[PDB]
Every structure is written in structure tokens, then in C-alpha cells.
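Structure first, then comments.
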Amino acid sequence: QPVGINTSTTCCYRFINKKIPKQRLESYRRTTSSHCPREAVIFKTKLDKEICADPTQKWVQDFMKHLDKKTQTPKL
């Protein structure tokens, strides 16, 4: 319990325009627009490596669909 350094996440102003390793892409967490001044997507890898990617081109959005895989439960 410091004077303000909380035990939580934050934003990232790094815009990477390079290809992302689909094989190492397993999931991705998104930042909060209300608390973050710039919306960005974070890709989570198997080695706990989170890399922010500029949210503008569909290629990352396309990866999010493949990354999501399981989502809605087809209960009957």
C-alpha cells in the first residue's frame, strides 16, 4: 500500500505496425476507454508476454476472432 502505485494494470502508447505471431497468439486483453485516453488491444502470449497493437486495421480484429475460439455456450 504505497502513496499511489497500485497493484493493477495501465495503458501503453506503443504502436507496433509489424506482423504478430499467430502461433504464439492465444488471447488478448483490451484497455478501458473511460480510464485510458487511447484505446489499444493487448495480445497475451503463452509466455506471459503482453504486446499492445494499434487498433485500426482488421488483421488484429481478425486475430481476436480466431483467438476467442470458445465464446457462446450452445446449451439446449
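The way I read the labels, and the way they are meant: chains A, B, ... in the order of the C-alpha cells, residue 1 as the first residue of every chain, and ligand 1 as the first ligand shown, with later ones counted on from there.
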Chain A: residues DSSP assigns to helix (DSSP H, G or I), reported as a PyMOL selection string: chain A and resi 58-68
Write the residues of the preceding selection, restricted to N, CA and C atoms, as a CSV table (one decimal), in the first residue's frame.
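The resulting file, again-v3.csv, is reproduced below:
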```csv
chain,number,residue,atom,x,y,z
A,58,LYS,N,-8.1,-4.3,-39.6
A,58,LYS,CA,-8.9,-5.5,-39.3
A,58,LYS,C,-8.0,-6.7,-38.9
A,59,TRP,N,-6.8,-6.8,-39.4
A,59,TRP,CA,-5.9,-8.0,-39.1
A,59,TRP,C,-5.9,-8.4,-37.6
A,60,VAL,N,-5.8,-7.4,-36.7
A,60,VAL,CA,-5.8,-7.8,-35.3
A,60,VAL,C,-7.2,-8.2,-34.9
A,61,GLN,N,-8.2,-7.5,-35.4
A,61,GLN,CA,-9.6,-7.8,-35.1
A,61,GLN,C,-9.9,-9.3,-35.6
A,62,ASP,N,-9.3,-9.5,-36.8
A,62,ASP,CA,-9.4,-10.9,-37.3
A,62,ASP,C,-8.7,-11.9,-36.4
A,63,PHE,N,-7.6,-11.5,-35.8
A,63,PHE,CA,-6.9,-12.4,-34.9
A,63,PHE,C,-7.8,-12.6,-33.6
A,64,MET,N,-8.4,-11.6,-33.2
A,64,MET,CA,-9.3,-11.7,-32.0
A,64,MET,C,-10.4,-12.7,-32.2
A,65,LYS,N,-11.0,-12.8,-33.4
A,65,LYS,CA,-12.0,-13.8,-33.7
A,65,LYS,C,-11.4,-15.2,-33.5
A,66,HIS,N,-10.2,-15.4,-34.2
A,66,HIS,CA,-9.5,-16.7,-34.1
A,66,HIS,C,-9.1,-17.0,-32.6
A,67,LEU,N,-8.6,-15.9,-32.0
A,67,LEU,CA,-8.1,-16.0,-30.6
A,67,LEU,C,-9.3,-16.4,-29.6
A,68,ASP,N,-10.5,-15.8,-29.9
A,68,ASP,CA,-11.6,-16.1,-29.0
A,68,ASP,C,-12.0,-17.6,-29.0
```
Contact residues around residue 13 (chain A) with only C-alpha atoms at 10 Å, ignoring same-chain residues under 5 positions, as number ranges by chain: A: 37-40, 52-54
All strand (DSSP E) residues (DSSP, backbone) inside chain A, as an NGL selection string: :A and (25-30 or 41-45 or 50-53)
Could you please take those selected residues and save N, CA and C atoms as a PDB file, in the first residue's frame?
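Output (result_13.pdb):
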```pdb
ATOM      1  N   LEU A  25      -0.054 -16.402 -30.492  1.00  0.00           N
ATOM      2  CA  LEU A  25      -1.230 -15.610 -30.022  1.00  0.00           C
ATOM      3  C   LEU A  25      -2.274 -16.555 -29.422  1.00  0.00           C
ATOM      4  N   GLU A  26      -2.554 -16.422 -28.151  1.00  0.00           N
ATOM      5  CA  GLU A  26      -3.567 -17.312 -27.507  1.00  0.00           C
ATOM      6  C   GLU A  26      -4.775 -16.495 -27.063  1.00  0.00           C
ATOM      7  N   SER A  27      -4.541 -15.283 -26.643  1.00  0.00           N
ATOM      8  CA  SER A  27      -5.662 -14.414 -26.195  1.00  0.00           C
ATOM      9  C   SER A  27      -5.215 -12.956 -26.198  1.00  0.00           C
ATOM     10  N   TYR A  28      -6.076 -12.066 -25.788  1.00  0.00           N
ATOM     11  CA  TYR A  28      -5.703 -10.621 -25.769  1.00  0.00           C
ATOM     12  C   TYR A  28      -6.634  -9.836 -24.845  1.00  0.00           C
ATOM     13  N   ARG A  29      -6.083  -8.971 -24.037  1.00  0.00           N
ATOM     14  CA  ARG A  29      -6.937  -8.147 -23.128  1.00  0.00           C
ATOM     15  C   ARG A  29      -7.045  -6.722 -23.688  1.00  0.00           C
ATOM     16  N   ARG A  30      -8.171  -6.080 -23.510  1.00  0.00           N
ATOM     17  CA  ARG A  30      -8.338  -4.698 -24.057  1.00  0.00           C
ATOM     18  C   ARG A  30      -8.274  -3.656 -22.945  1.00  0.00           C
ATOM     19  N   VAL A  41      -5.299  -2.588 -28.037  1.00  0.00           N
ATOM     20  CA  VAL A  41      -5.549  -4.027 -27.762  1.00  0.00           C
ATOM     21  C   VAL A  41      -4.254  -4.672 -27.264  1.00  0.00           C
ATOM     22  N   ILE A  42      -4.336  -5.513 -26.271  1.00  0.00           N
ATOM     23  CA  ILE A  42      -3.105  -6.178 -25.769  1.00  0.00           C
ATOM     24  C   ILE A  42      -3.194  -7.665 -26.097  1.00  0.00           C
ATOM     25  N   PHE A  43      -2.181  -8.203 -26.717  1.00  0.00           N
ATOM     26  CA  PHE A  43      -2.209  -9.648 -27.062  1.00  0.00           C
ATOM     27  C   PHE A  43      -1.463 -10.431 -25.993  1.00  0.00           C
ATOM     28  N   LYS A  44      -2.090 -11.441 -25.459  1.00  0.00           N
ATOM     29  CA  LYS A  44      -1.449 -12.241 -24.379  1.00  0.00           C
ATOM     30  C   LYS A  44      -0.858 -13.530 -24.964  1.00  0.00           C
ATOM     31  N   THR A  45       0.419 -13.747 -24.749  1.00  0.00           N
ATOM     32  CA  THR A  45       1.090 -14.967 -25.303  1.00  0.00           C
ATOM     33  C   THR A  45       1.263 -16.045 -24.221  1.00  0.00           C
ATOM     34  N   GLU A  50       2.784  -9.682 -22.964  1.00  0.00           N
ATOM     35  CA  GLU A  50       1.657  -8.854 -23.471  1.00  0.00           C
ATOM     36  C   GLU A  50       2.189  -7.753 -24.387  1.00  0.00           C
ATOM     37  N   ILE A  51       1.723  -7.715 -25.607  1.00  0.00           N
ATOM     38  CA  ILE A  51       2.201  -6.674 -26.565  1.00  0.00           C
ATOM     39  C   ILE A  51       1.016  -5.853 -27.077  1.00  0.00           C
ATOM     40  N   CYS A  52       1.092  -4.553 -26.949  1.00  0.00           N
ATOM     41  CA  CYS A  52      -0.028  -3.681 -27.413  1.00  0.00           C
ATOM     42  C   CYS A  52       0.002  -3.543 -28.934  1.00  0.00           C
ATOM     43  N   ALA A  53      -1.147  -3.481 -29.552  1.00  0.00           N
ATOM     44  CA  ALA A  53      -1.197  -3.338 -31.035  1.00  0.00           C
ATOM     45  C   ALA A  53      -2.169  -2.219 -31.415  1.00  0.00           C
TER      46      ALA A  53
END
```
Between CA of residue 49 (chain A) and CA of residue 12 (chain A), distance in Å (one decimal): 13.7 Å
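CA of residue 15 (chain A) sits 8.8 Å away from CA of residue 55 (chain A).
If you look at CA of residue 23 (chain A) and CA of residue 36 (chain A), they are 28.8 Å away from each other.
Closest approach to residue 22 (chain A) among A:75, A:35, A:46, A:70: A:46, based on only C-alpha atoms.
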